[PDB]
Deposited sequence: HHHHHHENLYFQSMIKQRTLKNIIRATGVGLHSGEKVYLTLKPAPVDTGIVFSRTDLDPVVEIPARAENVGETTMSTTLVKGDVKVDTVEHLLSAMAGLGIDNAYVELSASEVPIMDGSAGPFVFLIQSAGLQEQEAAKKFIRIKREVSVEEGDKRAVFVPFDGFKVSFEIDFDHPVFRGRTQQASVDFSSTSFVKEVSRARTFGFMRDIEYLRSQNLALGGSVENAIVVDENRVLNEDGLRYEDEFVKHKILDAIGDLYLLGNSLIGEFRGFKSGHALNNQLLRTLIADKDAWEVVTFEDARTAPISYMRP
């Protein structure tokens, strides 16, 4: 009854556009061996450049989570890493034909469908977990991000936009609530005045109502509206779960964020890793007694 590492049963292919680059990209997800982790692979380059999805490999953290190795980058990993986390995938190669993961519909839903379509393969090695033993918190200005010990996995998040479209708080316990049903479909979002400024700096080149909630001063411009009453904060949870997967093992504990984002989330990851008294690596001989 040991909790085992998981990979894909089959290879998966998909096509899309990078949210920032607007470049067409071909994505392939491939099974990987035990103790590989998630590894991104720029197959458009010669020689091929591979970047393990790990906190040490994170570059700038402005408008997405970016992996960097020399002057090669992989942009906007957070939603695909979220999907991997949501289905418990430990080992996979992610092949990209360009610098950015495709945005798809703005959510992790297409990725969770692609992975489940491929099927999961249990491997003959114990899954390793990071268990939080001490509260670890980082703050900067009005923003805060925390890990608290918790016998399971759960994410709480609160946002605070002074905007007519604004609930700005949600908490999900992933042992009793489905990531697939409650979080995976939550789409990225953009305010018209940010979008106007990002374009002018050659960012959000791939953005559209097909892949993002577009908000003007008053309302969602998307014809078919929101998927969740609380879609915005549910998307922040989705982002956080992706960033958390850069720890390189699944977490037993609780993440709380207040106005947090990639920059402060990464600060928290680095602070947790640095304080070895605050965590331990653990395995489970028996899924029937385990905290998740």
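Stretches of the deposited sequence absent from the structure, as judged by C-alpha coordinates, are 1-12, 179-181, 308-312.
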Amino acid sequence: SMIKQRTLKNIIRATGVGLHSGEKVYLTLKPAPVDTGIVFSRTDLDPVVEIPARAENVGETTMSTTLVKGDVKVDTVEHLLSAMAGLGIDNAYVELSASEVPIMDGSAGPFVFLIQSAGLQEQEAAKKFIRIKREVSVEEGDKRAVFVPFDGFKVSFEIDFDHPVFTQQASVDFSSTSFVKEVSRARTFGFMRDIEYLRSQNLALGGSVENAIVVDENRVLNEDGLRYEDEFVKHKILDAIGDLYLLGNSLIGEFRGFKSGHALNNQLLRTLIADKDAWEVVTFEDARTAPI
From here on, numbers count along this sequence of modelled residues.
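Only the largest set of C-alpha atoms that superpose within 1.5 Å between the two forms is called the rigid core.
Here the rigid core sets the fit, and in 4 other deposited structures of this protein the C-alphas of 57-65 stray farther than those of the other stretch, out of 57-65 and 228-236. Per-stretch averaging of Cα B factors for 192-200 and 217-225 places 192-200 on top. Note on 263-271 vs 61-69: mean CA B-factor is higher in 61-69.
Per the deposited record, 121 carries the highest C-alpha B-factor of all listed residues (121, 99, 82, 91).
Based on the entry's C-alpha B-factors, the most elevated value among 77, 108, 165, 155 belongs to 165.
Sort the chain's modelled residues by C-alpha temperature factor and residue 117 lands in the highest third, per the entry. The entry lists a Cα temperature factor for residue 172 that places it in the middle third of the chain's modelled residues. When the modelled residues of the chain are ordered by C-alpha B-factor, residue 5 sits in the middle third.
The PDB entry assigns residue 11 a C-alpha temperature factor belonging to the highest third of its chain's modelled residues. Annotation for residue 87: C-alpha temperature factor in the middle third relative to the rest of the modelled chain, per the entry.
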